[PDB]
Protein chains: 6
Amino acid sequence: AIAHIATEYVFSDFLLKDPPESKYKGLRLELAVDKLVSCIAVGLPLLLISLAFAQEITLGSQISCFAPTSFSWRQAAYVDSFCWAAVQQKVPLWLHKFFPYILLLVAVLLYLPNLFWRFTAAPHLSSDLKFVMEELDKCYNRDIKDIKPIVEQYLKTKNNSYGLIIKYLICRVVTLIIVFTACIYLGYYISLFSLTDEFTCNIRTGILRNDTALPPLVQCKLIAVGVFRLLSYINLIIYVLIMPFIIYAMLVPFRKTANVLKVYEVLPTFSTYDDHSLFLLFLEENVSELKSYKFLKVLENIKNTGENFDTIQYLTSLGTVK
Amino acid sequence: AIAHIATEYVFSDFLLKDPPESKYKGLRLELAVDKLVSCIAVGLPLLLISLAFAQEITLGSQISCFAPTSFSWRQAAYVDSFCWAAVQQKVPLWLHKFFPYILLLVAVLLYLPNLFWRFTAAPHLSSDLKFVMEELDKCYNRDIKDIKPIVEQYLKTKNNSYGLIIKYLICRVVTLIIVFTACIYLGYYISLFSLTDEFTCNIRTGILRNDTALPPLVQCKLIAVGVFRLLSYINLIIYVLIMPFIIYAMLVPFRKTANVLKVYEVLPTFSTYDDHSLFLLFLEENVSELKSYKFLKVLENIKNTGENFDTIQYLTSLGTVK
Amino acid sequence: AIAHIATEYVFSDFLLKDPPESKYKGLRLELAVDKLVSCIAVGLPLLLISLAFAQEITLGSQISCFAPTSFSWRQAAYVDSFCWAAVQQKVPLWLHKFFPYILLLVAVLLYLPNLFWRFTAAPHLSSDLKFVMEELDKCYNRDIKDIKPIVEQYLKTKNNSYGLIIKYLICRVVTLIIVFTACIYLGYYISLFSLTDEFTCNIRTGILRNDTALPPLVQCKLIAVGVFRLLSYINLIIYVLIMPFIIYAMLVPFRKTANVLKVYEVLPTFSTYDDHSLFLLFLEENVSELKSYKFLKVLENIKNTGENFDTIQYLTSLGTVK
Amino acid sequence: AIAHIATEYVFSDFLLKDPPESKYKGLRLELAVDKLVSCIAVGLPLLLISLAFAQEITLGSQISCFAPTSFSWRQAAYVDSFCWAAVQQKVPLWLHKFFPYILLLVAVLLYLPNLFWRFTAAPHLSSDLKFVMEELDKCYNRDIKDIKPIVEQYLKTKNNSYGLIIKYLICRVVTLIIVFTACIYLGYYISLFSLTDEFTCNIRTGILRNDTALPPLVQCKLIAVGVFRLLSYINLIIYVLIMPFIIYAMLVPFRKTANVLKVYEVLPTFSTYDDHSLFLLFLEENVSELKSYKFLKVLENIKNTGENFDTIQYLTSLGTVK
Amino acid sequence: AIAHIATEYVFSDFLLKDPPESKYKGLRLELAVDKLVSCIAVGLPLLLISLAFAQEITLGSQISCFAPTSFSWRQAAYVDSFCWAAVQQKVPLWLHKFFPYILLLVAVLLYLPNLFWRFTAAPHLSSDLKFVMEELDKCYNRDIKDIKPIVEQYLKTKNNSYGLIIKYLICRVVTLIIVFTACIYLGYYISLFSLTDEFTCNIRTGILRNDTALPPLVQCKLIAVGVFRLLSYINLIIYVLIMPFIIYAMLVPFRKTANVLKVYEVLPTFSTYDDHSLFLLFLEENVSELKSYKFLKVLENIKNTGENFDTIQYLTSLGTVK
Amino acid sequence: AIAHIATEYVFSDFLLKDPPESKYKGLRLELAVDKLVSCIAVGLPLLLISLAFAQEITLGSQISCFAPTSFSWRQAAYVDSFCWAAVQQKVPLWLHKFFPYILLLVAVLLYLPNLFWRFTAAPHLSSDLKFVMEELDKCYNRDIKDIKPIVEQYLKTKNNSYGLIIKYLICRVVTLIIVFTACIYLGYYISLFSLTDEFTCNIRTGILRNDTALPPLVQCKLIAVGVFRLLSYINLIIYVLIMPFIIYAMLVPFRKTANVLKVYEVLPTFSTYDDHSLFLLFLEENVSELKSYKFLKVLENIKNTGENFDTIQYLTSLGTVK
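Residues numbered from 1 in each chain as written, not as in the entry; some residues may be left out. Chains lettered and ligands numbered in written order. Part of a larger assembly, values for the part shown. Heavy atoms only, no water.

Determination of this PDB entry was carried out by cryo-EM to a resolution of 3.0 Å, according to the record.

So this is what it looks like as structure tokens:
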């Protein structure tokens, strides 16, 4: 065990030589901020429920009941199981019983909208981005060859569209609503479980109801109430912290967006709650793959300083990219 | 078990024929010292919490309580679970209970800034480095062909920038602050757990509060206090040791940096708290992939001794690299 | 279980058809003797700690205490856990408790210098070796074409360098110092645990200190003392055996080194505590990949006997290698 | 469990469609007989120690002690652990305790010389074999082209060498010595454990030495003595059986070796305790990869019968191989 | 568990889309009947020993002893372990104890001859088959080109050889002898374990031999005798069923063998206890890879009916295959 | 556990993005209906035996015996094991004990004929199909080139063959017979285990036969009788449902088969209990890979409607396929 830990945490590469995106393929169909927010909101409750029942913090059973001394092992086990079964039908008790279930439901609900976006919006956007990038590269190549209209019109038509931005807005709204509901539930659970974690189960039911040997009531203690409360507090803190990030995410009109086509306007061939703005944002987020755009952006940065050099010679110096 | 250990530690290659970076691909977006410091600071608490609960050092339960002889097995188990549940609500007790949780939180907080840098700074820097390297290679090739301006201007514009160095500084500051907070917490825990590790839990709560058979107090012993203290001391020592490395890491103006472009100044075509200095440092750290730079550095090393040989013949001797 | 053992040790290939380095790629940045010594020194303590706690040799718990007959199961378990917790705070007792931890620390400390060398010396040496090999191949090709200066000067500049040999020396010194410290610790542990392995724990602490029913002292036995002593003896023997190998490893000036360039001196184009000696040693250790060197070494071996044949015809017979 | 066994032993391919060496790559640096002998000698003790502790044959603990009826569970467990700890310090007892350790040591010692040969002799021999094969192929190609000296001289120089054969001899001698020592140890263990497997442990040591309630002696039984004896007998039988194979392996001068170059003597261009004999043996063992040698061997087999056909036409019929 | 079973037996492909030999590579060095017989004979005892100790059929321990009521848990466990240890030294008892060991030995012995054949006969036969196939393809290609001696002579020399057929015969004889010995052992075990499975162990040995409290004899029951008997009966039935298949396998002279070269005799260029017969059998078993042979066999099948068409036009119609 | 279930059933792709036959390679040597029937008949008993012993439905042991109160734990365990051992030698009892074994035997017997067909019929049929497809493609290509006999004759010879259809019939008959036998056995087991599942074991055998303290008889209950009965009923229902599918499978003469060659009859070059019918069925089942057949089938579908267009222009429009 010790040697296995040593091999897997010291001798094996952990954060040194593991390449996350070595020669990343495909296209980036999700924004970085949105991806980070979704990953946090999905993987936080899973990590918390994994931590809540780790063997390092759990001592015995979920509940512990004080059976009378006259009871044998099997009678005391029956008492424990009976009180655990009645902890559901009896509000705090069933909430403590199903806390991992509720956190799992929250995680699944938070994962749902991103899956919906990936299954009903990713392919069309990916195809559009690929077409736009390939047409921009072809236009740059032909212009470079000449110096030694389709994309502008297509973006103009996309300007009069709202489907993509509407779907983005409903995804953000669903995520925000689910996070807010989770925050409310966590606050309610924290409020309702700061009183105590001891409950009396009644085992005089059925054919042994009239028996006098059994105690009228059996006291039982919830074991993981404190850990659950601490983890719920942590989850609420994290969700409150990530709350403004969703607001910033769906704040499209006021976002600090720089148009990619500005650098392309140098080429002579080239001449706010909308699909065009969202498509421009996705282009900018996915513009790292383009290489001609790198040349145009370098030229723009050079000319931004104020150097008095003609751009015609620089454009003629460059050749075909690919 | 014995034969499995033999196979996995003797007959299987352990440190002999395992290639770490055989034909390493991609680009090195992190400095070696920064990568080592981050890896140590992240993987030390994880290794320590893995060691703290290894079966080789843990004998029984987290706590051990001395129940009265009249108590049965189930009553004593209830006593143990009750005292373990009250160890939270009761400062040292809950700290001992949640020591692995606190170390995990420290590890996650230390891992966060590197993930932020990798998600919001890696792609732009990687693209810039690739562009600079390819332009340097093309310039070397064309100059070699001729003997038989863009990169200099771009670096001049980058000289008037501060975003990358600012992000680097905030990453280093966050890492240093988290390490300092962890050091303070570990020192506090060491100070507060050198007194004793025995506490009395009171089990006369609820419907059995008025019962006289139960003892008024039950003594319980924390088992892993010594191991926790030793591991916390080791963690504090390691963090204190790695403290000056972060200071040396964010000490950019006074770093011993050699400009790569000096060797390129031989080519006739080519002619301190800043983005340019950080970019030069990243170029130098990632210059091993360039092959023309190897020729230029070899020529520079040859001429550094003081040999009286013309460089024109040496430059004409070399040809296209790739 | 039996059939699984049969499949994994008889029907599956174990030492017959498992290729260790079939078409080995990359470069050999570590010497064979150094690699073997480091692998032994790292994987011996890990194997020993894995063997110490194997289920084939461990019967029960780490310690065994003789509780009074009047004690119940839970009271005796509390006694065991209490004496195991006091075995730390009480020198032999905590050493027996933390023997696997100390061996793991020794293994990690021994693994550290090789990781430091691999992270701060491997890339530069690999690039230098690749450049030297490619230039030697190109020189051989052009000389063969002609018959039908850079490398010599670069080695001359490297002659006036000491960084690589200094780093090699500090790595060897760190390894030797750590091995010597481990030897001293193992000898001390063997000396201090040949007396006995029985200790008395006092459980009359706390609210039960004044109770008269509990025994004044409880005798306890360490179970794995003999296995620990035997494994420590084996580790000390192995470290003593590998002690002279490190001395031979850092003995660079007196090493039996044959210069690779001697065979290359046949080509007309070609004409002791130092970087040049270490680089020549690494070239010789990594010369198996070169194919022109194979031809030159074959010619040298042919001419070593004393055959009276002109080398010009043999050189003209060979052609381009690659 | 039943269905898993069915899937892994019936529906999954076991010996039908598992290709051992489908398109085998690299070179065969070890002889078939030597590889088989080493594999047997290494994997037999591992298989035996795996079988010795399989759950199909082990009932309870390593030892079983008859504690008095007045003892509780914990006192009897302490008795068992104490007698198991004293089984070491007390010759047969510690041998029974450490039998798996001794067999593992034997396996590791037997694996060591082959690793030494692979790390200090494989690369040079592989390079020499590759060079010889490529030169033979080139000579065959040029001779075939002509009909429409280096290798002979190199083998002549290798004739006056002894390093490779010396290393082979020391490897064989080390293997034989280790196998003989293992045989002697196994015979001794069989002789010393045919008497009985019952021993008395004395638990009246320490603060309970003067107590009269404890028995003066406690009888204990070793459980796996018979299985250990049977497995040791099997191991001794196998080692005795493989004893003459090592003698035949290092018997180089008297080995039935056919020279490969005899078939190559047909080409007009081509014209006993030694390195040359060992190299010829390795060539013959690794000659299956050569394709021109296949043509030459086919021609030799055709001419061995006594057919009166000129070889010039057959040689001219064949063309370039590769 | 239920959902895992569903995923691995319903939703995952089991016998629908798992390709056994999709684009099979290499050569078939073993006959289909021989491969099937060896696979059955090897994997039947392994499957049987896996089934014998499955948790679905094993209730408790290997043996069950009726200790007196006055004995405690530890004394009864000692009794069980003692009787299990004496079940070896006491013929039926040790046979029941080591039945899985004997079946494993049988499986290993049956696997040995096929490994010997694969390690000392596969490479030469594979090389010969590859050479013959490539020469046949080349001859077909050149004959097709012409229409628009080596292989026949080589087969004639192989006609006067017996090494391959001798090795095949010794492999078949070893397999048959081992199967017959296993059948005899299984019949003996079935005969000797149909009487009863109850034995008395005597625990009055050693220092407690003179004690009167212990019973003079302790009755014990073997639990898995019936399962072992049923599995041994199944194994014997299967081995008896596969007995004639080995006889048919080594029956080479009387085998229904069709010569491959008969179809090749159409080409004008082409003109019983033996190596030639075995090589022809291996060619026929491995002829599926050849494509020219497919054309020749199609032509032979066409002409077998009795169609009066000239073969010259059909031969000229076909072209180069590869 | 909860988070692992979430990851493996929600976040990981389950039925969304798992490609079953993405770019399927090789040839389809088994019919779809036959493959489905064989997969069902093989994987149903395995799934059922996996479900029968799942931890979600099994409470305790296989059998439960009511030992007297005076018996200790070990005596009661001996009673349980003894009655479980006598449940075999005593018809219903051993059937309940070996139900998983019988279902495994049924599964293996059902898997056997498909393995026999795959090992003795797949390669020849695959080679024949590949030859036929390649010849059809070549004929289509040459006919297309011309417009700008071997296959017909080969099919005529195959018309006078019966080996393949005979092997198919024996495979179907073996499968049907095994399924019918399994149905009969399951019906018998259902009939014989609807009475009760309680049996009395007699433990007064051996040296304790004359002892009066032991009860004359001990009642024991089979636990999994109901689950076994339900699963056997399900298996019988499924086998009855799949019974007519085998009859439809071996019903070759009356199968709705469309000849592939009909569409090829358009090309001018081209001109019931049998091998030819089975080969045509396999061609049709494996015709999806052919691309020229797609063109011919499209033309046939176009002309089936009744359009009055000449086919010569359509044939000349198409070109070479591959």
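Draft legend 1. Looking closely at the overall build of chain A. On a plain count of helices and strands, chain A comes out with 12 helices and three strands. Taken against the 2.2 N^0.38 rule, which gives 20 Å for 322 residues, the C-alpha radius of gyration of chain A at 30 Å runs more than 25% over that of a compact globule. Seen through its principal axes, chain A has C-alpha atoms that stretch 105 × 50 × 35 Å. When the accessible surface of chain A is split by element, carbon and sulfur atoms take 62% of a total near 16700 Å². (Helix = DSSP H or I, 4+ residues; strand = E, 2+ residues; numbered from the N terminus. Rg over C-alpha atoms; globule rule 2.2 N^0.38 Å. Areas by Shrake-Rupley, 256 points an atom, 1.4 Å probe, with all protein chains shown as cover.)

Draft legend 2. Region of interest: the sheet that holds strand β2 (residues 198-201) of chain D. Pairing in this open sheet of three strands is antiparallel, and the strands run β1-β3-β2 (chain D) from one edge to the other. Only two strands of the sheet have a single neighbouring strand rather than two, namely β1 (63-65) and β2 of chain D. Shown here is a sheet whose adjacent strand axes are inclined to one another by a mean of 30°, direction ignored. One ladder, built from four bridges, connects β2 of chain D with strand β3 (residues 218-222) of chain D; its direction is antiparallel. When the sheet's bridge partners are listed, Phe-199 of chain D is paired in β3 of chain D with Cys-220 of chain D. Across the sheet, helix α3 (residues 73-89) of chain D lies against β1, β2 and β3 of chain D, angled at about 125° from β1 of chain D, the strand it touches most. Contacts between helix α3 (residues 73-89) of chain E and the sheet are confined to β1, β2 and β3 of chain D, with β3 of chain D contributing the most and set at about 45° to the helix. (Pairing = 2+ DSSP bridges. Axes fitted to C-alpha atoms, helices over the stretch in contact; angles between N-to-C directions. Contact = heavy atoms within 4.5 Å.)

Draft legend 3. Looking closely at the packing of helix α3 (residues 73-89) of chain F against helix α4 (residues 92-120) of chain F. Residue and element names in this part refer to chain F. It is the contact of α3 with α4, at a shortest axis distance of 6 Å, that shows an interaxial angle of 110°. Classed by the angle they form, the pair α3 and α4 counts as roughly perpendicular. The chirality of how α3 crosses α4 is left-handed. Along its contact with α3, which presents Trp-84, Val-87 and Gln-88, the element α4 presents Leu-93, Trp-94, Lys-97 and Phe-98. Each residue belonging to the contact of α3 with α4 can be placed in one class, and the counts come to five nonpolar, one polar and one charged. (Parallel < 35°, antiparallel > 145°, perpendicular 65-115°, else oblique. Left-handed = near helix turned anticlockwise from the far one by under 90°. Nonpolar A, V, L, I, M, F, W, Y, C, P; charged D, E, K, R; others polar.)

Draft legend 4. Local environment of the interface of chain E and chain D. Listed by partner, the interface residues are 60 residues for chain E and 58 residues for chain D. Taken together, the two surfaces of chain E and chain D that pack against each other cover about 5500 Å², and 70% of this comes from carbon and sulfur. Summed over the three residues of chain E that lose the most area to chain D, namely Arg-74, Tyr-78 and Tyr-101 of chain E, the buried surface amounts to 13% of that side. Our count for the contact surface shared by chain E and chain D stands at two salt bridges. Measuring nitrogen to oxygen at the nearest pair gives 3.5 Å for the salt bridge that ties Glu-21 of chain E to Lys-17 of chain D. (Buried area = accessible area lost by both parts, 1.4 Å probe. Salt bridge = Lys/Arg side-chain N within 4 Å of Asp/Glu carboxyl O.)

Draft legend 5. Focus on the state of the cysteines. Residue and element names in this part refer to chain A. One pass over the structure, following the stated rule, counts 12 disulfides over all chains. Each disulfide pairs two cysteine sulfurs, and for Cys-65 the partner residue is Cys-220, the sulfurs being separated by 2.0 Å. Here the S-S torsion is close to 110°, and the disulfide linking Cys-65 with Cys-220 is therefore right-handed. Considered together, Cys-65 and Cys-220 belong to a single accessibility category, that of buried residues. (Disulfide = S-S within 2.5 Å. Buried < 20%, exposed > 50% of the residue type's maximum accessible area, 1.4 Å probe, protein only.)

Draft legend 6. Region of interest: the sheet that holds strand β2 (residues 198-201) of chain A. All names here are of chain A. Reading across from one edge, β1-β3-β2 is the order of the three strands in this open sheet, with antiparallel pairing throughout. Among the strands making up the open sheet, the edge pair consists of β1 (63-65) and β2. For this sheet, the mean inter-axis angle between neighbouring strands, taken without regard to orientation, is 30°. Bridge analysis of β1 against strand β3 (residues 218-222) gives three bridges, and the strand direction is antiparallel. Paired with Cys-65 across the two strands is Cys-220, which belongs to β3.

Draft legend 7. Molecular detail of unusual backbone geometry. You will see that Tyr-273 of chain B, though not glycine, has its phi angle at about 55°, which is positive. Backbone geometry places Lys-23 of chain D, a non-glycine residue, at a positive phi of 55°. Looking at the secondary structure, you find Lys-23 of chain D in the loop between α1 (2-11) and α2 (32-52).

Draft legend 8. Local environment of the packing of aromatic side chains. Scanning the model with the defined rule gives 114 aromatic pairs over all chains in all. Aromatic pair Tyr-78 of chain C and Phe-82 of chain C: ring centres 5.9 Å apart, planes at 40°, arrangement tilted. Of the two residues, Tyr-78 of chain C and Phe-82 of chain C are both situated in helix α3 (residues 73-89); the distance of four residues between them amounts to about one turn of the helix. You'll find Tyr-78 of chain C and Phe-82 of chain C in the same group, each marked buried. Measuring from ring centre to ring centre gives 5.9 Å for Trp-117 of chain F and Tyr-168 of chain F, while their planes differ by 70°; the resulting arrangement is edge-to-face. The pair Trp-117 of chain F / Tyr-168 of chain F is uniform in exposure class, with both members buried. (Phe/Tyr/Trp six-rings, centres within 6.5 Å; stacked < 30°, edge-to-face > 60°.)

Draft legend 9. Summary view of the relation of the copies chain A and chain B. Expressed as a screw transformation, the operator carrying chain A onto chain B has a rotation angle of 51° and an axial translation of 0.0 Å, and the superposed copies differ by an RMSD of 0.0 Å. Take the interface residues of chain A: only 17% of them recur as interface residues in chain B, which is what a contact between different surfaces looks like. (Least-squares fit on C-alpha atoms.)

Draft legend 10. Highlighting the side chain of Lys-221 of chain D. All names here are of chain D. Note on placement: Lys-221 falls in strand β3. Residue classification places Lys-221 among the buried residues on the basis of a relative accessible area of 2%. Of the polar contacts made by the side chain of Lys-221, one reaches the side chain of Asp-197; its length is 2.8 Å. (Polar contact = N/O pair within 3.5 Å; in protein donor to acceptor, adjacent residues only side chain to side chain.)

Draft legend 11. Structural view of the interface of chain A and chain B. Counting from both sides, the interface comprises 58 residues of chain A and, opposite them, 60 residues of chain B. Of the roughly 5500 Å² buried at the junction of chain A and chain B (both faces included), carbon and sulfur atoms supply 70%. Three residues stand out in chain A for area buried against chain B, namely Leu-15, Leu-59 and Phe-66 of chain A, and they jointly supply 13% of the buried area on that side. Viewed at the interface, chain B and chain A are joined by two salt bridges. At the surface where chain A touches chain B, the tally comes to 18 residue pairs in polar contact. Of all the secondary structure elements, the ones that give two or more residues to the side of chain A that touches chain B are α1 (2-11), α2 (32-52), β1, α3 (73-89), β2, β3, α8 (225-250) and α11 (292-305) of chain A. Counting residues per element, the side of chain A that touches chain B draws most heavily on α1 of chain A, at nine residues. Taken together, the residues that form the side of chain A that touches chain B break down as 36 nonpolar, 12 polar and 10 charged.

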